[PDB]
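Reviewing the structure listed below.
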Amino acid sequence: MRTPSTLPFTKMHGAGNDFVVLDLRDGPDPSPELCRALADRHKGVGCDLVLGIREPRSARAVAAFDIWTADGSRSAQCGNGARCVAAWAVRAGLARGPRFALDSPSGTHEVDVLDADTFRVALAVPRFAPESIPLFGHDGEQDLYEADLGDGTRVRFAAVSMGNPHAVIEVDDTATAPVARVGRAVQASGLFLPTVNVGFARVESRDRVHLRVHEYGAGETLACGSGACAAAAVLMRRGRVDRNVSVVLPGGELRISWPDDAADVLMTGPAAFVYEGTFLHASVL
Amino acid sequence: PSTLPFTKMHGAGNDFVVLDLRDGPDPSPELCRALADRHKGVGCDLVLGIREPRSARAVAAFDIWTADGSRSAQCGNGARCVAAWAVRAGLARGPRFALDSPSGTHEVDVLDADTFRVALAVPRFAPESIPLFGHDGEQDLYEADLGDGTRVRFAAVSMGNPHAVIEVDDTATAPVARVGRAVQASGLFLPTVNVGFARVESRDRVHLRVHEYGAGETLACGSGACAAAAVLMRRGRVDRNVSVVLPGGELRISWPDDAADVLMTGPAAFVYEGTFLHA
């Protein structure tokens with residue numbers, strides 16, 4: 001039922017972090033050229049990430065997925081995307097049952113189906129040691145570190161690795177924060193790897209946290225799952241919120257659970273099917 | 001109804017969701033907004049709806065909705081995309097035909113599979129036709145100190161919609177959003193004026209950025225390109241056939257004589273076919 005010259009796809013999003021999902025089983029990977037075209041919001045389809053679904057690699061998983069950014073390069077992990085792959089897998093008959101595993105580029109992740117739209121994904125175990133983030137110029141683990149980013153920009157932040165590095169800055173109001181400017185400053189500070197994602201968090205209660213994230217490469221999007229998990233863990237590590245907490249992002253709301261310091265952070269949230277598509281003249285770019 | 005077939009197209013990066021409305025209701029404001037949402041919907045500058053023709057001449061009409069669900073009286077790049085759509089659907093057979101827009105009837109020449117020349121409108125420079133306020137009896141280059149401290153020298157023309165055309169030394173560094181909004185709020189024009197920032201490279205070539213009503217800048221504004229060309233032709237600065245380079249692509253503009261329609265040649269592209277799932 002696949003017309004030659006065309007590429008079927010599914011447009012999805014997880015809390016406004018949006019994806020072009022391809023079924024890559026028994027065929028090639030998309031070239032970088034094709035990924036770039038797919039992600040072009042005006043002349044292509046438009047998305048934060050291209051996700052390609054294949055047969056499982058691990059013994060237990062029901063499907064595997066790979067990830068491409070809007071410039072065509074591969075990416076090692078994605079938070080919101082995993083929920084969309086899970087929903088897509090359920091819809092395609094790949095994944096039956098309340099619980100199943102998915103292979104990402106970097107690991108195998110257990111998924112719980114909470115309802116048709118809601119999926120819970122184990123992401124990673126937070127690492128706080130300055131040595132594992134790495135947090136340069138710091139040796140003792142601390143709840144908060146302090147950065148002099150030049151006169152007029154003094155920043156107090158927490159630090160944690162979720163596979164990717166994260167700086168978490170508490171704010172009076174997130175809608176409000178110099179996300180792009182301070183996020184770029186922290187990224188260029190040399191306190192972290194240049195890949196650090198900078199979150200700006202406002203604690204509404206022990207149950208509810210508001211967050212914006214300046215992400216490496218993309219900059220800010222509507223939702224950064226890794227950053228949400230990082231903000232939650234940091235605020236839990238310092239006793240500010242409960243071990244189950246809602247994180248409110250521009251594009252949607254997630255529920256983060258971290259039952260034990262040695263356990264994986266769990267990320268619950270929505271997955272949405274937006275439209276089905278057929279990209280024309282897929283060989284002509 | 002349940003799901004909704006659509007076609008995604010663009011004209012020089014000005015992008016559209018095209019619906020076939022020939023026997024169904026118009027998209028609601030709510031549907032238009034969901035359709036235009038780039039992250040949680042389809043994503044487009046405008047929604048276009050194909051309808052049966054109104055004029056004796058045309059093979060099809062089309063209506064236009066903005067990303068907030070309100071209707072729009074015309075669109076230059078969209079017309080080329082409607083032309084391509086109409087050819088593909090078998091509505092228009094040979095290399096020329098007419099299309100009804102919400103505000104007129106437009107001759108289309110099919111130059112090749114992806115290239116269409118469309119007659120936009122006859123330029124009107126009379127201050128009372130723009131309408132120009134405060135002036136409204138004066139036809140020349142104008143100068144005005146806007147309410148935001150900027151002094152601007154600009155030409156005025158109506159292509160159906162109003163246009164202010166400002167010459168600059170460099171389109172890349174021009175204050176398109178700031179001065180474009182200043183001009184719209186000025187009261188020299190209806191708030192609906194599109195504000196162009198044009199650098200003349202040669203008599204054959206013009207670079208342009210346009211601050212549009214409502215949307216702000218996009219990758220291409222066809223009516224703005226026609227307005228900038230007609231202004232610079234009346235000002236004697238360019239030939240009656242001129243290329244207008246926009247952020248998303250290039251258009252070829254011709255205005256054979258002062259009573260003629262301005263003709264706008266440029267690309268139209270099909271990107272993908274889609275089924276919107278509502279749910």
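Just remember, in the structure tokens the first chain shown is A, the second B, etc., residues are 1-based per chain, and ligands are 1-based in the order shown.
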Counting only C-alpha atoms, a student should be able to say which residues of chain B come within 7 Å of chain A; what is the right answer, written as a ChimeraX atom specification?
/B:10,13-15,39-41,271-277
Write to file, as a PDB file, in the first residue's frame, the residues of the selection just made, with N, CA, C and O atoms.
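And here's part_1.pdb as it stands now:
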ATOM      1  N   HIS B  10       3.801  25.111  -0.797  1.00  0.00           N
ATOM      2  CA  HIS B  10       4.379  26.419  -0.507  1.00  0.00           C
ATOM      3  C   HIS B  10       4.721  27.115  -1.806  1.00  0.00           C
ATOM      4  O   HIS B  10       4.956  26.471  -2.831  1.00  0.00           O
ATOM      5  N   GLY B  13       8.404  29.428  -0.072  1.00  0.00           N
ATOM      6  CA  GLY B  13       8.505  29.340   1.374  1.00  0.00           C
ATOM      7  C   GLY B  13       7.317  29.887   2.135  1.00  0.00           C
ATOM      8  O   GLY B  13       7.224  29.675   3.354  1.00  0.00           O
ATOM      9  N   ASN B  14       6.435  30.622   1.462  1.00  0.00           N
ATOM     10  CA  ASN B  14       5.148  31.036   2.003  1.00  0.00           C
ATOM     11  C   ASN B  14       4.261  29.804   1.907  1.00  0.00           C
ATOM     12  O   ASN B  14       3.967  29.347   0.800  1.00  0.00           O
ATOM     13  N   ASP B  15       3.891  29.204   3.041  1.00  0.00           N
ATOM     14  CA  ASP B  15       3.341  27.852   3.002  1.00  0.00           C
ATOM     15  C   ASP B  15       1.864  27.776   3.399  1.00  0.00           C
ATOM     16  O   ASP B  15       1.349  28.598   4.157  1.00  0.00           O
ATOM     17  N   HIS B  39       3.519  23.173  15.721  1.00  0.00           N
ATOM     18  CA  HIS B  39       3.990  22.105  16.590  1.00  0.00           C
ATOM     19  C   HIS B  39       2.892  21.118  16.942  1.00  0.00           C
ATOM     20  O   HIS B  39       3.146  19.908  16.965  1.00  0.00           O
ATOM     21  N   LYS B  40       1.671  21.582  17.211  1.00  0.00           N
ATOM     22  CA  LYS B  40       0.583  20.662  17.534  1.00  0.00           C
ATOM     23  C   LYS B  40      -0.416  20.473  16.389  1.00  0.00           C
ATOM     24  O   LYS B  40      -1.351  19.673  16.522  1.00  0.00           O
ATOM     25  N   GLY B  41      -0.219  21.143  15.255  1.00  0.00           N
ATOM     26  CA  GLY B  41      -1.060  20.968  14.092  1.00  0.00           C
ATOM     27  C   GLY B  41      -0.223  20.663  12.858  1.00  0.00           C
ATOM     28  O   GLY B  41       0.808  19.968  12.922  1.00  0.00           O
ATOM     29  N   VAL B 271       4.208  19.593  -1.284  1.00  0.00           N
ATOM     30  CA  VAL B 271       5.198  19.050  -0.355  1.00  0.00           C
ATOM     31  C   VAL B 271       4.757  17.652   0.056  1.00  0.00           C
ATOM     32  O   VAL B 271       5.482  16.671  -0.150  1.00  0.00           O
ATOM     33  N   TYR B 272       3.563  17.546   0.618  1.00  0.00           N
ATOM     34  CA  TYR B 272       3.057  16.257   1.044  1.00  0.00           C
ATOM     35  C   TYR B 272       1.544  16.334   1.091  1.00  0.00           C
ATOM     36  O   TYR B 272       0.957  17.423   1.126  1.00  0.00           O
ATOM     37  N   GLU B 273       0.930  15.162   1.048  1.00  0.00           N
ATOM     38  CA  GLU B 273      -0.500  14.960   1.218  1.00  0.00           C
ATOM     39  C   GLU B 273      -0.743  14.438   2.622  1.00  0.00           C
ATOM     40  O   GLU B 273       0.030  13.638   3.143  1.00  0.00           O
ATOM     41  N   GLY B 274      -1.830  14.875   3.230  1.00  0.00           N
ATOM     42  CA  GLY B 274      -2.014  14.578   4.632  1.00  0.00           C
ATOM     43  C   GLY B 274      -3.457  14.252   4.930  1.00  0.00           C
ATOM     44  O   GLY B 274      -4.376  14.601   4.175  1.00  0.00           O
ATOM     45  N   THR B 275      -3.640  13.577   6.061  1.00  0.00           N
ATOM     46  CA  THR B 275      -4.956  13.340   6.639  1.00  0.00           C
ATOM     47  C   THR B 275      -4.910  13.774   8.102  1.00  0.00           C
ATOM     48  O   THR B 275      -4.306  13.107   8.948  1.00  0.00           O
ATOM     49  N   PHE B 276      -5.546  14.906   8.369  1.00  0.00           N
ATOM     50  CA  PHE B 276      -5.631  15.473   9.703  1.00  0.00           C
ATOM     51  C   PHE B 276      -6.589  14.637  10.538  1.00  0.00           C
ATOM     52  O   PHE B 276      -7.708  14.348  10.111  1.00  0.00           O
ATOM     53  N   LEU B 277      -6.159  14.236  11.726  1.00  0.00           N
ATOM     54  CA  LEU B 277      -6.903  13.235  12.476  1.00  0.00           C
ATOM     55  C   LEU B 277      -7.873  13.844  13.481  1.00  0.00           C
ATOM     56  O   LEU B 277      -8.625  13.100  14.118  1.00  0.00           O
TER      57      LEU B 277
END
I'd like the neighbourhood of residue B:76 as a ChimeraX atom specification, where a residue qualifies if any of its atoms comes within 8 Å (using only C-alpha atoms), though same-chain residues fewer than 6 positions away should be ignored.
/B:120,221-223,264
Atoms to include: N, CA, C and O atoms. Write the selected residues as a tab-separated table (two decimals), in the first residue's frame.
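Just written: result22.tsv:
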chain	number	residue	atom	x	y	z
B	120	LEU	N	-1.94	39.82	-10.79
B	120	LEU	CA	-2.36	40.15	-9.43
B	120	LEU	C	-3.46	41.21	-9.44
B	120	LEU	O	-4.60	40.94	-9.05
B	221	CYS	N	6.29	37.41	0.29
B	221	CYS	CA	5.02	38.11	0.15
B	221	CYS	C	4.90	38.53	-1.31
B	221	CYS	O	5.56	39.49	-1.75
B	222	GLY	N	4.08	37.82	-2.08
B	222	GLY	CA	3.97	38.09	-3.51
B	222	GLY	C	3.38	39.46	-3.82
B	222	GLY	O	3.89	40.19	-4.69
B	223	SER	N	2.30	39.83	-3.12
B	223	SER	CA	1.72	41.15	-3.34
B	223	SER	C	2.71	42.25	-2.97
B	223	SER	O	2.76	43.29	-3.64
B	264	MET	N	2.95	38.29	-11.88
B	264	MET	CA	3.88	37.78	-10.88
B	264	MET	C	4.20	36.33	-11.24
B	264	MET	O	3.31	35.47	-11.23
List every residue of stretch 24-272 of chain A that DSSP, applied to the backbone of this structure, places in alpha helix (DSSP H), and write the result as a ChimeraX atom specification.
/A:32-39,80-91,179-188,225-237
Go through A:201, A:50, A:180, A:94 and flag the residue nearest residue A:29, using only C-alpha atoms for the distances.
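Between A:201, A:50, A:180, A:94, the residue approaching residue A:29 most closely is A:50.
Interatomic distance, atom CA of residue B:7 to atom CA of residue B:159: 27.6 Å.
In the backbone-derived DSSP annotation, strand (DSSP E or B) within stretch 28-99 of chain A comprises residues 49, 50, 51, 52, 53, 54, 63, 64, 65, 66, 67, 68, 69, 74 and 99 of chain A.
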As a list in words, please: the residues near residue A:65 (cut-off 6 Å, only C-alpha atoms, same-chain neighbours under 4 positions excluded).
residues 52, 53, 54 and 104 of chain A
Residue A:116 environment, 9 Å, only C-alpha atoms, sequence neighbours closer than 2 positions dropped, as a list in words:
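Those residues are residues 87, 90, 113, 114, 118, 119 and 271 of chain A.
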Selection near residue B:78, 8 Å with only C-alpha atoms, sequence-local residues under 3 positions removed, as a VMD selection string:
chain B and resid 10 to 11 14 16 48 75 81 to 82
Would you pick out the contacts of stretch 123-125 of chain A at 9 Å or less, using only C-alpha atoms, so that residues sharing its chain but fewer than 5 positions from it are not included, and give the list as a short mmCIF file (atom, residue, chain, number, x, y, z; two decimals) with N, CA and C atoms, in the first residue's frame?
data_model
loop_
_atom_site.label_atom_id
_atom_site.label_comp_id
_atom_site.auth_asym_id
_atom_site.auth_seq_id
_atom_site.Cartn_x
_atom_site.Cartn_y
_atom_site.Cartn_z
N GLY A 79 13.64 12.46 25.12
CA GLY A 79 12.69 12.17 26.17
C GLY A 79 11.27 12.05 25.66
N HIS A 109 14.49 1.02 27.45
CA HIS A 109 13.66 1.77 28.38
C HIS A 109 12.30 1.10 28.52
N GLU A 110 11.88 0.89 29.76
CA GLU A 110 10.60 0.27 30.01
C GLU A 110 9.51 1.32 29.89
N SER A 161 23.58 15.14 35.78
CA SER A 161 23.64 14.46 34.49
C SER A 161 22.51 13.45 34.41
N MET A 162 21.75 13.51 33.31
CA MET A 162 20.73 12.54 32.95
C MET A 162 21.15 11.78 31.69
N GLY A 163 22.44 11.52 31.53
CA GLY A 163 22.94 11.09 30.24
C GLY A 163 23.50 12.29 29.52
N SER A 226 14.14 15.48 29.20
CA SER A 226 15.36 15.32 29.99
C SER A 226 15.52 16.46 30.99
N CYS A 229 13.07 16.14 33.91
CA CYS A 229 13.56 15.14 34.86
C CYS A 229 14.71 15.68 35.68
N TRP A 258 10.51 9.80 41.02
CA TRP A 258 11.87 9.32 41.30
C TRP A 258 11.82 8.67 42.68
N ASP A 261 16.87 7.18 45.27
CA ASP A 261 18.01 7.86 44.68
C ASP A 261 18.80 6.94 43.77
N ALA A 262 18.75 5.64 43.99
CA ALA A 262 19.44 4.71 43.12
C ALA A 262 18.60 4.28 41.93
N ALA A 263 17.36 4.74 41.82
CA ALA A 263 16.47 4.27 40.77
C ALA A 263 16.40 5.26 39.59
N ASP A 264 15.87 4.77 38.47
CA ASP A 264 15.67 5.62 37.31
C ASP A 264 14.60 6.67 37.60
N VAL A 265 14.77 7.86 37.02
CA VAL A 265 13.66 8.81 36.99
C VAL A 265 12.63 8.34 35.97
N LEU A 266 11.35 8.44 36.34
CA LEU A 266 10.24 8.02 35.49
C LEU A 266 9.54 9.27 34.99
N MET A 267 9.21 9.29 33.71
CA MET A 267 8.62 10.47 33.09
C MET A 267 7.32 10.07 32.44
#
Do you know which residues are at most 8 Å from residue A:244 counting only C-alpha atoms, after dropping those on the same chain fewer than 2 positions away, and could you put them as a PyMOL selection string?
chain A and resi 207+241-242+246+255-259
